[PDB]
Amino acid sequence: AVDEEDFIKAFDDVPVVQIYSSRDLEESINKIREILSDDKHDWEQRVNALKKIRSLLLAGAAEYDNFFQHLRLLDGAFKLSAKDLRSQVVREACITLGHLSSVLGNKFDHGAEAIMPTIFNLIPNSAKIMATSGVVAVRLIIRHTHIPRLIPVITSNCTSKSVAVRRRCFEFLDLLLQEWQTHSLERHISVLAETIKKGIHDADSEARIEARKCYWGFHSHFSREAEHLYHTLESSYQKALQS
């Protein structure tokens, strides 16, 4: 979260560029694609191509009619970058993904769905910079890209063998319930309830605390369904919620 601020500060820490025409934009992005699409290509060049994506955003690339078509062709490049061996590349990719979500909002639906499992793969890394990059990128996407089909991606990770992943999954879920409006959730009530029920019984104390935060977030959206949930619990879990 000082981790989150850091990313956000990095959004515009990139060269100022001008977009002369839609044809130029198309060419600029295709070039970025070919740079990112070979992991033999130099790392600093790849880092710079990821930043140029951000420059293009700050120069209004989202206003160009075919921008989303060009962006979609970068999916391969994002997975490859986010899987890189060098944290310089990975982190820069996560900052750019966060910036894409921040700028495009719900229009980052496809890109967000395409990349999110790859960034979840970063969460359990014992290397701090790797795990933190993935965590912050997921938080930024949740914050700005309110796409229902992202819900199962997040919730599906909540039974991870990795307790770090479980803890993060419930933090993510708590953020999502706090940030997304009810209508964005209404197609996933059962899934939300089941995940929260499981978390409330987590063997891990930190996860349980986060899960209890999710319970109350869910309750505010869906009283009836949350109360039902509450009454299926043994009484000691009930008390932990009430308290």
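For every residue, the number given is its place in the sequence shown, counted from 1.
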Do the CA atoms of 101 to 109 or those of 155 to 163 have the higher mean B-factor in the entry? 155 to 163
Going by the mean C-alpha B-factor recorded in the entry, which is higher: 123 to 131 or 69 to 77? 69 to 77
Specify which of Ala93, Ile141, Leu85, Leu173 carries the largest Cα B factor in the deposited PDB entry. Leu85
Please pick out which of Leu185, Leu36, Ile200, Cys214 has the largest Cα B-factor as recorded in the entry. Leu36
B-factor third for the C-alpha atom of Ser205 within its chain: highest
Could you place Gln181 in the lowest, middle or highest third of its chain by Cα temperature factor, using the values in the record? lowest
How does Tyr64 rank on Cα B-factor within its chain, lowest, middle or highest third? middle
Going by the entry, which third of its chain does the Cα temperature factor of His221 land in? middle
Looking at the temperature factor on the CA atom of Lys52, which third of the chain's modelled residues does it land in? lowest
